[PDB]
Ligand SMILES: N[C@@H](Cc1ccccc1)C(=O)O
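Okay, here we've got a single chain as C-alpha cells, the form solved without the named molecule, with questions on binding and movement later.
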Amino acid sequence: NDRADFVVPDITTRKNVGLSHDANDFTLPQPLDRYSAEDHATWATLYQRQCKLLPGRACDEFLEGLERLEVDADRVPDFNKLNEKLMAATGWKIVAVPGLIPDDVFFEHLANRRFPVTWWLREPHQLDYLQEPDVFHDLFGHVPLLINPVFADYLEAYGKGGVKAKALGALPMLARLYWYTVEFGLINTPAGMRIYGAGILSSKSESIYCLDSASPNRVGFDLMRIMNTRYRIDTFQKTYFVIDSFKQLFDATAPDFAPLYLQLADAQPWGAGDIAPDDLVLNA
C-alpha cells in the first residue's frame, strides 16, 4: 500500500492481541483461556492423523517419548503439567512464546534446556504445515524426542554454540544445520529408514513424502556440507540428510564451530537440490 500501508495480519498478530511477552526472552504464561472447544478438536484431529501415519515412519525414540510423556491426545496440552514429566525425565522444560523469536533468544533458551513453543494453534482450514510454526508443530513435533538423552544433549550443545557464535555468516549456517537435523532429519535404523525431524513428524504430507518419493536426494549427514546447503520453506524438501545415530549428531557439536564459520564464510552454498562430490547418497 503506497503511503497508508494496509496488510493482511499474520496469525501470530491476531492470536496475541492483548497479550504481552518478556522483552528479553520472549516468554509469557501459556494463555489456556484462549483455546476454544474448536482448537481442542483441531488438536485431537491432528494428533490422531499423525499417530496413524507414524508407525513404520517415526523413529522408535519419538514414539516412546509420546507414550512416556503422555502428550495429550484430546486437547492442546497444559505446558505446566507436561513440564512436570519432561523435567523429571529429561531435565528440559517448554516455555511459551508468541510465535517466531530472534535467533539469539532461541539459542539462549536451548542452551539452558528450555524449548520455546509457540502457544497458539492453527485454525481449522489450515491443517497441513502452514505459515509460521504453531503449538502442534512445536510441541508434538519436538518435545517427544527430548526423551532421548543424546538428542536432548545435542540440542543443548547446539544452543550453547549459537550463543557463542559471532562470525558473520554463522547464523545462516546454524539455521541450515537446525533445519536439516531438528526440523527435517532422517535416521537409518536396523529396521529401515525412519524420521526424527519435527517439521516432518508434525506434517501429514512430509511424513509420507520423505520416505516414499524418488525425487529427493537422501544424503549421509556431513556437518560442513549441511552448513553450506540452502533450504526452501514453502515446498517439499529436495534433499534430506540422514544420520546413523543420535550420538553422531551430538559428536558433531563437539568441535568449537568458530573455525568452521570462517572456513565456509566465502563459499557459495549448495542449492537445495544439489549433490556434492563428497556426499554418500541413498542407492535407490
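Residues that one form lacks are left out of the comparison. Residue positions are given as counts along the sequence shown, with the first one as 1. The term rigid core refers to the most C-alpha atoms you can superpose between the two forms while keeping them within 1.5 Å.
From this point on, the text means the form deposited with the named molecule bound, which you will not see here.
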{"query": "Open or blocked: site for the named molecule, pose in the bound PDB entry superimposed, 2.4 Å backbone/C-beta cut-off, 3-atom minimum", "finding": "blocked"}
{"query": "Stretch in contact, per heavy atom within 4.5 angstroms of the named molecule in the bound PDB entry, of 169 to 177, 191 to 199, 70 to 78, 208 to 216", "finding": "169 to 177"}
{"query": "Distance check, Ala157 to the named molecule in the bound PDB entry, heavy atom within 4.5 Å", "finding": "yes"}
{"query": "4.5 Å heavy atom contact, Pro255 to the named molecule in the bound PDB entry", "finding": "yes"}
{"query": "Proximity of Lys164 to the named molecule in the bound PDB entry, heavy atoms at 4.5 Å", "finding": "yes"}
{"query": "Which of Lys164, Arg75, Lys204, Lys85 is displaced between the shown form and the other one by 2 angstroms or more at its C-alpha, rigid core aligned", "finding": "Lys164"}
{"query": "Direction of Cα pair change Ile233-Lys166 in the bound PDB entry, magnitude 3 angstroms or more", "finding": "closer"}
{"query": "Consecutive-residue runs (3+) with Cα displacement of 2 Å or more between the shown form and the other one, core aligned", "finding": "163 to 169"}
